[PDB]
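Note sheet for the following structure.
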There are 2 protein chains.
Amino acid sequence: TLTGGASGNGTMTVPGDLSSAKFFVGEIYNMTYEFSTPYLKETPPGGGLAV
Amino acid sequence: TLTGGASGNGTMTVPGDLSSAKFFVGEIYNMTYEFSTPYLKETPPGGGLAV
């Protein structure tokens with residue numbers, strides 16, 4: 001429930017008895033890493049790198 | 001014996017007769033060195049090292 005607890009605080013319901021357990025609470029956020037086009041690089045005659 | 005000698009000093013009993021020998025006395029301490037994971041390294045095209 002978004003709100004409705006004491007002083008307007010949010011409420012949550014979970015199975016089991018957690019009246020004496022130790023736990024965190026919070027949201028979840030995603031991570032994303034997109035690789036680039038794989039190529040080849042070799043040294044040109046003038047020096048440096050070319051693709 | 002942890003204590004009980006003269007002036008509360010510790011005592012130690014060893015076999016043999018050591019009334020005229022020359023000897024040290026003290027504790028012992030250990031030495032530990034743990035190697036890492038062995039790997040291979042080569043030179044990448046851009047210079048430097050990689051594993």
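Just so we're on the same page: first chain in the structure tokens is A, next is B, and so on; residues restart at 1 for each chain, and ligands are numbered from 1 in the order they show up.
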
Could you build a table of the residues in chain B lying no more than 12 Å from chain A, giving for each the nearest pair of atoms and their separation in Å rounded to one decimal place, using only C-alpha atoms, ordered by chain and ascending residue number, as a tab-separated table?
residue	atom	partner	partner_atom	distance
B:44	CA	A:41	CA	10.6
B:45	CA	A:42	CA	7.3
B:46	CA	A:49	CA	7.8
B:47	CA	A:48	CA	10.8

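With CA of residue 4 in chain B on one side and CA of residue 21 in chain B on the other, the separation reads 23.7 Å.
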
Straight-line distance linking CA of residue 1 in chain A with CA of residue 25 in chain A, stated in Å to one decimal: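 Separation between CA of residue 1 in chain A and CA of residue 25 in chain A: 15.2 Å.
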